[PDB]
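Colleague: sequence and experimental coordinates follow.
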Amino acid sequence: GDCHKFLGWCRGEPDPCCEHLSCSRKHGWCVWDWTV
């Protein structure tokens, strides 16, 4: 049950991003919070 870090697939995945990250649909992966 490893989480998905930055630039990691999320769409469809069982668990959400790792930490301080938001699943980005535009790119298709989680991105930095402070960044976005």
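Modeller: Sure thing, it's come through. Numbering: from 1, shown residues only.
Colleague: next up, the contacts around the residue nearest the centre of the chain.
Modeller: The residue lying closest to the centre of the chain (CA atoms, centre = their mean) is residue 30, at 2.3 Å. Residues in contact with residue 30 (CB atoms under 8 Å, 6 or more residues apart in numbering) are 4-8, 10, 16-18, 21-24. Using the backbone N, CA and C atoms, a C-beta is placed for each residue, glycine as well.
Colleague: switch the residues you listed over to a markdown table; also include neighbour count.
Modeller: Below are these laid out as a markdown table (neighbours: other CB atoms under 10 Å):
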| residue | neighbour count |
| --- | --- |
| 4 | 18 |
| 5 | 12 |
| 6 | 14 |
| 7 | 13 |
| 8 | 17 |
| 10 | 21 |
| 16 | 13 |
| 17 | 20 |
| 18 | 14 |
| 21 | 22 |
| 22 | 14 |
| 23 | 17 |
| 24 | 17 |
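Colleague: pull the distance from stretch 1-9 to the chain's centre.
Modeller: 6 Å (CA atoms, centre = their mean, to the nearest Å).
Colleague: what helix or strand does residue 19 sit in?
Modeller: Residue 19 is located outside every helix and strand, with elements delineated by DSSP states H and E.
Colleague: residue 30 too?
Modeller: strand 29-32.
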